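What follows is the content of final06.txt (compact mmCIF, N, CA and C atoms).
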```txt
# COMPACT_ATOMS: atom_id res chain seq x y z
N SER A 1 -24.61 -155.02 12.92
CA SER A 1 -24.95 -153.93 13.82
C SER A 1 -25.82 -152.89 13.10
N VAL A 2 -26.73 -152.29 13.86
CA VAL A 2 -27.61 -151.26 13.31
C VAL A 2 -26.99 -149.88 13.36
N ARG A 3 -25.83 -149.73 14.02
CA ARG A 3 -25.17 -148.44 14.15
C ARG A 3 -23.87 -148.37 13.36
N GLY A 4 -23.65 -149.30 12.44
CA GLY A 4 -22.41 -149.32 11.68
C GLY A 4 -22.68 -149.48 10.20
N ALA A 5 -21.69 -149.08 9.41
CA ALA A 5 -21.75 -149.18 7.96
C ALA A 5 -20.38 -149.58 7.43
N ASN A 6 -20.38 -150.20 6.26
CA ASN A 6 -19.13 -150.66 5.65
C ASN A 6 -18.39 -149.48 5.05
N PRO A 7 -17.17 -149.18 5.49
CA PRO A 7 -16.46 -148.00 4.96
C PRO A 7 -16.05 -148.13 3.51
N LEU A 8 -15.96 -149.34 2.97
CA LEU A 8 -15.52 -149.55 1.60
C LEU A 8 -16.61 -149.28 0.59
N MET A 9 -17.80 -148.90 1.04
CA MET A 9 -18.95 -148.71 0.15
C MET A 9 -19.55 -147.32 0.29
N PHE A 10 -18.76 -146.36 0.80
CA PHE A 10 -19.26 -145.00 0.97
C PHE A 10 -19.52 -144.33 -0.37
N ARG A 11 -18.62 -144.52 -1.33
CA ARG A 11 -18.76 -143.86 -2.63
C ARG A 11 -20.02 -144.31 -3.34
N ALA A 12 -20.32 -145.61 -3.28
CA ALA A 12 -21.53 -146.12 -3.92
C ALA A 12 -22.78 -145.52 -3.30
N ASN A 13 -22.80 -145.41 -1.97
CA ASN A 13 -23.96 -144.82 -1.30
C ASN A 13 -24.06 -143.33 -1.58
N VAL A 14 -22.92 -142.63 -1.58
CA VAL A 14 -22.94 -141.19 -1.85
C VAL A 14 -23.41 -140.91 -3.27
N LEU A 15 -22.95 -141.72 -4.23
CA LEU A 15 -23.34 -141.52 -5.62
C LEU A 15 -24.85 -141.65 -5.79
N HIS A 16 -25.45 -142.65 -5.15
CA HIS A 16 -26.89 -142.81 -5.23
C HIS A 16 -27.61 -141.66 -4.55
N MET A 17 -27.02 -141.11 -3.49
CA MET A 17 -27.61 -139.96 -2.81
C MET A 17 -27.68 -138.76 -3.74
N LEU A 18 -26.62 -138.51 -4.51
CA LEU A 18 -26.60 -137.36 -5.40
C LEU A 18 -27.65 -137.49 -6.50
N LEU A 19 -27.84 -138.71 -7.02
CA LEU A 19 -28.88 -138.92 -8.03
C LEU A 19 -30.26 -138.64 -7.46
N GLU A 20 -30.50 -139.03 -6.21
CA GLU A 20 -31.77 -138.73 -5.57
C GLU A 20 -31.97 -137.23 -5.42
N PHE A 21 -30.88 -136.50 -5.14
CA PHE A 21 -30.97 -135.05 -4.97
C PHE A 21 -31.45 -134.37 -6.24
N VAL A 22 -30.93 -134.79 -7.39
CA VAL A 22 -31.31 -134.16 -8.65
C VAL A 22 -32.75 -134.51 -9.02
N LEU A 23 -33.12 -135.78 -8.87
CA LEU A 23 -34.45 -136.22 -9.30
C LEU A 23 -35.55 -135.53 -8.50
N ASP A 24 -35.32 -135.31 -7.20
CA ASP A 24 -36.35 -134.72 -6.36
C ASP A 24 -36.60 -133.25 -6.67
N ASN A 25 -35.71 -132.60 -7.43
CA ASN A 25 -35.81 -131.17 -7.69
C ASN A 25 -36.22 -130.86 -9.12
N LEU A 26 -36.71 -131.85 -9.87
CA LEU A 26 -37.10 -131.63 -11.27
C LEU A 26 -38.52 -131.06 -11.32
N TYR A 27 -38.60 -129.76 -11.04
CA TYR A 27 -39.87 -129.04 -11.02
C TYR A 27 -39.72 -127.71 -11.74
N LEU A 28 -40.86 -127.08 -12.01
CA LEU A 28 -40.92 -125.75 -12.60
C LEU A 28 -41.55 -124.79 -11.61
N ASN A 29 -40.91 -123.64 -11.41
CA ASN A 29 -41.44 -122.63 -10.51
C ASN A 29 -42.68 -121.98 -11.10
N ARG A 30 -43.63 -121.64 -10.24
CA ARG A 30 -44.92 -121.13 -10.67
C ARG A 30 -45.18 -119.74 -10.10
N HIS A 31 -45.82 -118.90 -10.92
CA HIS A 31 -46.20 -117.54 -10.53
C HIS A 31 -47.50 -117.58 -9.75
N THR A 32 -47.45 -117.16 -8.48
CA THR A 32 -48.63 -117.22 -7.63
C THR A 32 -49.41 -115.91 -7.58
N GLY A 33 -48.77 -114.84 -7.10
CA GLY A 33 -49.46 -113.58 -6.91
C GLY A 33 -48.68 -112.66 -5.99
N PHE A 34 -49.08 -111.40 -5.98
CA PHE A 34 -48.35 -110.36 -5.27
C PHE A 34 -49.30 -109.38 -4.60
N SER A 35 -48.73 -108.54 -3.73
CA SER A 35 -49.47 -107.48 -3.07
C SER A 35 -48.48 -106.41 -2.62
N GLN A 36 -48.92 -105.15 -2.64
CA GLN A 36 -48.05 -104.05 -2.24
C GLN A 36 -47.98 -103.94 -0.73
N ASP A 37 -46.84 -103.48 -0.24
CA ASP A 37 -46.62 -103.31 1.19
C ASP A 37 -47.35 -102.07 1.68
N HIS A 38 -48.15 -102.23 2.73
CA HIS A 38 -48.84 -101.11 3.37
C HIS A 38 -48.06 -100.53 4.54
N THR A 39 -46.90 -101.08 4.86
CA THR A 39 -46.07 -100.64 5.96
C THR A 39 -44.82 -99.96 5.43
N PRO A 40 -44.22 -99.06 6.22
CA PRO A 40 -43.00 -98.37 5.77
C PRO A 40 -41.72 -99.18 5.87
N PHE A 41 -41.80 -100.47 6.18
CA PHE A 41 -40.58 -101.28 6.29
C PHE A 41 -39.90 -101.43 4.94
N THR A 42 -40.66 -101.36 3.85
CA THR A 42 -40.12 -101.33 2.51
C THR A 42 -40.76 -100.18 1.74
N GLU A 43 -40.07 -99.73 0.70
CA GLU A 43 -40.55 -98.60 -0.09
C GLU A 43 -41.52 -99.12 -1.15
N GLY A 44 -42.69 -99.54 -0.68
CA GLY A 44 -43.75 -99.99 -1.57
C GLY A 44 -43.39 -101.20 -2.41
N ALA A 45 -42.69 -102.17 -1.82
CA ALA A 45 -42.30 -103.35 -2.56
C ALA A 45 -43.49 -104.27 -2.81
N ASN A 46 -43.39 -105.09 -3.84
CA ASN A 46 -44.40 -106.09 -4.17
C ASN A 46 -43.94 -107.42 -3.59
N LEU A 47 -44.78 -108.02 -2.74
CA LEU A 47 -44.40 -109.21 -1.99
C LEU A 47 -45.21 -110.41 -2.46
N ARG A 48 -44.52 -111.53 -2.66
CA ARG A 48 -45.17 -112.74 -3.14
C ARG A 48 -45.98 -113.39 -2.02
N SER A 49 -47.04 -114.09 -2.41
CA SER A 49 -47.94 -114.76 -1.48
C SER A 49 -47.85 -116.26 -1.69
N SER B 1 -55.33 -100.63 14.21
CA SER B 1 -56.14 -99.97 15.22
C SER B 1 -57.29 -99.25 14.53
N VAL B 2 -58.50 -99.40 15.09
CA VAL B 2 -59.67 -98.78 14.48
C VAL B 2 -59.56 -97.26 14.54
N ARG B 3 -58.86 -96.74 15.54
CA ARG B 3 -58.54 -95.33 15.57
C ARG B 3 -57.22 -95.07 14.86
N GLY B 4 -57.15 -93.93 14.19
CA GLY B 4 -55.93 -93.60 13.47
C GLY B 4 -55.97 -94.05 12.02
N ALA B 5 -55.16 -93.38 11.20
CA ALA B 5 -55.09 -93.66 9.78
C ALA B 5 -53.64 -93.84 9.36
N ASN B 6 -53.45 -94.57 8.27
CA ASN B 6 -52.11 -94.79 7.73
C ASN B 6 -51.59 -93.49 7.12
N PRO B 7 -50.43 -92.99 7.55
CA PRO B 7 -49.89 -91.76 6.95
C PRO B 7 -49.45 -91.93 5.51
N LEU B 8 -49.34 -93.15 5.01
CA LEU B 8 -48.97 -93.38 3.62
C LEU B 8 -50.13 -93.19 2.66
N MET B 9 -51.35 -93.03 3.17
CA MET B 9 -52.53 -92.89 2.32
C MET B 9 -53.20 -91.53 2.48
N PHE B 10 -52.52 -90.55 3.08
CA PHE B 10 -53.16 -89.26 3.33
C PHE B 10 -53.52 -88.55 2.03
N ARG B 11 -52.62 -88.57 1.05
CA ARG B 11 -52.88 -87.86 -0.20
C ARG B 11 -54.08 -88.44 -0.92
N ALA B 12 -54.20 -89.77 -0.95
CA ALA B 12 -55.33 -90.39 -1.62
C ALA B 12 -56.65 -90.02 -0.94
N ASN B 13 -56.67 -90.02 0.39
CA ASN B 13 -57.89 -89.69 1.11
C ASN B 13 -58.25 -88.22 0.95
N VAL B 14 -57.25 -87.34 0.98
CA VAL B 14 -57.51 -85.91 0.84
C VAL B 14 -58.06 -85.59 -0.54
N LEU B 15 -57.48 -86.20 -1.58
CA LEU B 15 -57.95 -85.95 -2.94
C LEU B 15 -59.40 -86.36 -3.11
N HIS B 16 -59.78 -87.52 -2.56
CA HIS B 16 -61.17 -87.95 -2.63
C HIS B 16 -62.08 -86.99 -1.87
N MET B 17 -61.60 -86.45 -0.75
CA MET B 17 -62.40 -85.48 0.00
C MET B 17 -62.66 -84.23 -0.83
N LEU B 18 -61.63 -83.74 -1.52
CA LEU B 18 -61.81 -82.54 -2.35
C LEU B 18 -62.77 -82.81 -3.49
N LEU B 19 -62.72 -84.01 -4.08
CA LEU B 19 -63.67 -84.36 -5.12
C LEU B 19 -65.10 -84.36 -4.58
N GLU B 20 -65.28 -84.84 -3.35
CA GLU B 20 -66.60 -84.79 -2.72
C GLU B 20 -67.06 -83.36 -2.54
N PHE B 21 -66.13 -82.45 -2.22
CA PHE B 21 -66.48 -81.05 -2.01
C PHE B 21 -67.07 -80.44 -3.27
N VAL B 22 -66.47 -80.72 -4.42
CA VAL B 22 -66.95 -80.14 -5.67
C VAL B 22 -68.29 -80.76 -6.07
N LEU B 23 -68.40 -82.09 -5.96
CA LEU B 23 -69.59 -82.78 -6.45
C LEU B 23 -70.84 -82.36 -5.69
N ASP B 24 -70.73 -82.15 -4.38
CA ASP B 24 -71.89 -81.79 -3.58
C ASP B 24 -72.33 -80.34 -3.78
N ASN B 25 -71.58 -79.54 -4.53
CA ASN B 25 -71.89 -78.13 -4.72
C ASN B 25 -72.38 -77.82 -6.13
N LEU B 26 -72.70 -78.84 -6.93
CA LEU B 26 -73.15 -78.63 -8.30
C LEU B 26 -74.65 -78.33 -8.31
N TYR B 27 -74.97 -77.06 -8.07
CA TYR B 27 -76.34 -76.58 -8.03
C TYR B 27 -76.44 -75.24 -8.73
N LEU B 28 -77.68 -74.81 -8.97
CA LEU B 28 -77.97 -73.49 -9.51
C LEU B 28 -78.73 -72.69 -8.47
N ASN B 29 -78.26 -71.47 -8.20
CA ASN B 29 -78.94 -70.61 -7.25
C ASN B 29 -80.31 -70.22 -7.78
N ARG B 30 -81.32 -70.28 -6.91
CA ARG B 30 -82.70 -70.06 -7.29
C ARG B 30 -83.19 -68.72 -6.75
N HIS B 31 -83.80 -67.93 -7.63
CA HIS B 31 -84.39 -66.66 -7.27
C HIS B 31 -85.61 -66.86 -6.36
N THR B 32 -85.79 -65.93 -5.43
CA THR B 32 -86.92 -65.97 -4.52
C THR B 32 -87.31 -64.54 -4.14
N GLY B 33 -88.30 -64.42 -3.26
CA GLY B 33 -88.87 -63.13 -2.95
C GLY B 33 -88.00 -62.27 -2.05
N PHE B 34 -88.39 -61.00 -1.96
CA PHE B 34 -87.68 -60.00 -1.17
C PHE B 34 -88.65 -59.35 -0.19
N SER B 35 -88.12 -58.41 0.59
CA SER B 35 -88.92 -57.62 1.51
C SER B 35 -88.24 -56.27 1.72
N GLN B 36 -89.04 -55.22 1.77
CA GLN B 36 -88.53 -53.86 1.96
C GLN B 36 -88.39 -53.61 3.46
N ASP B 37 -87.15 -53.42 3.91
CA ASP B 37 -86.86 -53.27 5.32
C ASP B 37 -86.74 -51.79 5.68
N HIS B 38 -87.27 -51.42 6.84
CA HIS B 38 -87.18 -50.05 7.34
C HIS B 38 -86.52 -49.98 8.71
N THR B 39 -85.69 -50.95 9.05
CA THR B 39 -84.89 -50.85 10.25
C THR B 39 -83.96 -49.64 10.14
N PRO B 40 -83.77 -48.88 11.22
CA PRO B 40 -82.98 -47.64 11.10
C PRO B 40 -81.55 -47.87 10.63
N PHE B 41 -81.03 -49.09 10.73
CA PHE B 41 -79.67 -49.37 10.28
C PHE B 41 -79.61 -49.83 8.83
N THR B 42 -80.71 -50.32 8.26
CA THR B 42 -80.75 -50.77 6.87
C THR B 42 -82.01 -50.23 6.20
N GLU B 43 -82.26 -48.94 6.38
CA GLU B 43 -83.46 -48.31 5.85
C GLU B 43 -83.46 -48.35 4.32
N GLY B 44 -84.57 -48.80 3.74
CA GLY B 44 -84.74 -48.81 2.31
C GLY B 44 -84.20 -50.03 1.59
N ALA B 45 -83.55 -50.95 2.29
CA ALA B 45 -82.98 -52.11 1.64
C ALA B 45 -84.07 -53.12 1.27
N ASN B 46 -83.72 -54.01 0.35
CA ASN B 46 -84.61 -55.09 -0.09
C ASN B 46 -83.93 -56.42 0.21
N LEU B 47 -84.16 -56.93 1.42
CA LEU B 47 -83.50 -58.15 1.85
C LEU B 47 -84.21 -59.38 1.31
N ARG B 48 -83.42 -60.37 0.91
CA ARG B 48 -83.96 -61.63 0.42
C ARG B 48 -84.50 -62.46 1.59
N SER B 49 -85.57 -63.19 1.33
CA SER B 49 -86.23 -64.01 2.34
C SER B 49 -86.21 -65.46 1.90
```
What would the structure in this file look like if it were written as C-alpha cells?
Amino acid sequence: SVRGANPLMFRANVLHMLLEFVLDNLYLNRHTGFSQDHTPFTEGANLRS
Amino acid sequence: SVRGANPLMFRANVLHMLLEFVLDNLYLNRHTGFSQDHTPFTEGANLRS
C-alpha cells in the first residue's frame, strides 16, 4: 500500500531523518548590511537587509 | 508624500539652513557717493545713493 508504513521500522527512519536535519544546516551566517530606521516605530534601530 | 517633511530630521535641516544664512552674507560693504538733501524734514543731511 502507498498509504502505509511498517511500524517496526520507525526508529530507523527517524534516525536517518535526524542526520539529514544536521547535514542540511552546516552553513556559516554572513554579514549583509544595515540601514537606520526613518520611522518612529523604533528608536533609530539598525535593520538588516 | 511629496508634501510634508519628516519631523525626525527637523534639526538637521534647520542647521543647514542657518549655515546657508551665514555663507551667503560673507561680503564687504562698499563705499559709494552721497548727496546733500534739503528736504524740510532732513535739511542738511548727506544721504547715501
So that I can check the surroundings of residue A:33, please list as a list in words every protein, DNA and RNA residue that reaches within 8 Å of it, counting only N, CA and C atoms and ignoring chain neighbours fewer than 4 positions away.
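The contact residues come out as residues 46, 47, 48 and 49 of chain A.
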Grab the atom CA of residue B:18 to atom C of residue B:4 distance for me, in Å with one decimal place.
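A separation of 19.3 Å between them.
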Mind giving me the straight-line distance from atom CA of residue B:9 to atom CA of residue B:26 in Å, one decimal?
27.2 Å
By how many Å are atom CA of residue A:13 and atom CA of residue A:27 apart?
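One can read the atom CA of residue A:13 to atom CA of residue A:27 distance as 24.4 Å.
Shortest atom-to-atom contact with chain B among A:25, A:39, A:14, A:7: A:39, counting all atoms listed in the file.
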What residues in chain B get the DSSP label strand (DSSP E)? Please answer as a PyMOL selection string.
chain B and resi 34-36+46-48
Can you patch up stretch 23-48 of chain A, filling it in to N, CA, C and O atoms, and show the result as a compact mmCIF listing (two decimals), in the frame of the given file?
```txt
# COMPACT_ATOMS: atom_id res chain seq x y z
N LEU A 23 -33.12 -135.78 -8.87
CA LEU A 23 -34.45 -136.22 -9.30
C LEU A 23 -35.55 -135.53 -8.50
O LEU A 23 -36.61 -135.20 -9.05
N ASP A 24 -35.32 -135.31 -7.20
CA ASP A 24 -36.35 -134.72 -6.36
C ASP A 24 -36.60 -133.25 -6.67
O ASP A 24 -37.61 -132.70 -6.22
N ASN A 25 -35.71 -132.60 -7.43
CA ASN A 25 -35.81 -131.17 -7.69
C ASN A 25 -36.22 -130.86 -9.12
O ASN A 25 -36.10 -129.71 -9.55
N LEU A 26 -36.71 -131.85 -9.87
CA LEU A 26 -37.10 -131.63 -11.27
C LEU A 26 -38.52 -131.06 -11.32
O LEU A 26 -39.50 -131.74 -11.60
N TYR A 27 -38.60 -129.76 -11.04
CA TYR A 27 -39.87 -129.04 -11.02
C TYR A 27 -39.72 -127.71 -11.74
O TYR A 27 -38.62 -127.26 -12.05
N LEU A 28 -40.86 -127.08 -12.01
CA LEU A 28 -40.92 -125.75 -12.60
C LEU A 28 -41.55 -124.79 -11.61
O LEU A 28 -42.60 -125.08 -11.02
N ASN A 29 -40.91 -123.64 -11.41
CA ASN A 29 -41.44 -122.63 -10.51
C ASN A 29 -42.68 -121.98 -11.10
O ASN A 29 -42.78 -121.79 -12.32
N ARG A 30 -43.63 -121.64 -10.24
CA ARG A 30 -44.92 -121.13 -10.67
C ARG A 30 -45.18 -119.74 -10.10
O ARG A 30 -44.81 -119.43 -8.97
N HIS A 31 -45.82 -118.90 -10.92
CA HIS A 31 -46.20 -117.54 -10.53
C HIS A 31 -47.50 -117.58 -9.75
O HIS A 31 -48.54 -117.98 -10.28
N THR A 32 -47.45 -117.16 -8.48
CA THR A 32 -48.63 -117.22 -7.63
C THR A 32 -49.41 -115.91 -7.58
O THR A 32 -50.57 -115.86 -7.97
N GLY A 33 -48.77 -114.84 -7.10
CA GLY A 33 -49.46 -113.58 -6.91
C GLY A 33 -48.68 -112.66 -5.99
O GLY A 33 -47.74 -113.09 -5.31
N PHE A 34 -49.08 -111.40 -5.98
CA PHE A 34 -48.35 -110.36 -5.27
C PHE A 34 -49.30 -109.38 -4.60
O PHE A 34 -50.51 -109.38 -4.85
N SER A 35 -48.73 -108.54 -3.73
CA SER A 35 -49.47 -107.48 -3.07
C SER A 35 -48.48 -106.41 -2.62
O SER A 35 -47.34 -106.72 -2.26
N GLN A 36 -48.92 -105.15 -2.64
CA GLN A 36 -48.05 -104.05 -2.24
C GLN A 36 -47.98 -103.94 -0.73
O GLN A 36 -48.93 -104.27 -0.01
N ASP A 37 -46.84 -103.48 -0.24
CA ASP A 37 -46.62 -103.31 1.19
C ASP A 37 -47.35 -102.07 1.68
O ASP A 37 -47.19 -100.99 1.11
N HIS A 38 -48.15 -102.23 2.73
CA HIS A 38 -48.84 -101.11 3.37
C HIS A 38 -48.06 -100.53 4.54
O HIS A 38 -48.53 -99.57 5.16
N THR A 39 -46.90 -101.08 4.86
CA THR A 39 -46.07 -100.64 5.96
C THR A 39 -44.82 -99.96 5.43
O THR A 39 -44.37 -100.22 4.31
N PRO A 40 -44.22 -99.06 6.22
CA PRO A 40 -43.00 -98.37 5.77
C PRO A 40 -41.72 -99.18 5.87
O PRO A 40 -40.65 -98.61 5.64
N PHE A 41 -41.80 -100.47 6.18
CA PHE A 41 -40.58 -101.28 6.29
C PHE A 41 -39.90 -101.43 4.94
O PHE A 41 -38.68 -101.62 4.88
N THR A 42 -40.66 -101.36 3.85
CA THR A 42 -40.12 -101.33 2.51
C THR A 42 -40.76 -100.18 1.74
O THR A 42 -41.85 -99.72 2.08
N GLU A 43 -40.07 -99.73 0.70
CA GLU A 43 -40.55 -98.60 -0.09
C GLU A 43 -41.52 -99.12 -1.15
O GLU A 43 -41.23 -99.17 -2.35
N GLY A 44 -42.69 -99.54 -0.68
CA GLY A 44 -43.75 -99.99 -1.57
C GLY A 44 -43.39 -101.20 -2.41
O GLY A 44 -43.74 -101.26 -3.59
N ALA A 45 -42.69 -102.17 -1.82
CA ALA A 45 -42.30 -103.35 -2.56
C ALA A 45 -43.49 -104.27 -2.81
O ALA A 45 -44.49 -104.23 -2.08
N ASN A 46 -43.39 -105.09 -3.84
CA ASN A 46 -44.40 -106.09 -4.17
C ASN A 46 -43.94 -107.42 -3.59
O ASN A 46 -42.85 -107.90 -3.91
N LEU A 47 -44.78 -108.02 -2.74
CA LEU A 47 -44.40 -109.21 -1.99
C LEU A 47 -45.21 -110.41 -2.46
O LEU A 47 -46.43 -110.32 -2.63
N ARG A 48 -44.52 -111.53 -2.66
CA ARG A 48 -45.17 -112.74 -3.14
C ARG A 48 -45.98 -113.39 -2.02
O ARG A 48 -45.65 -113.28 -0.84
```
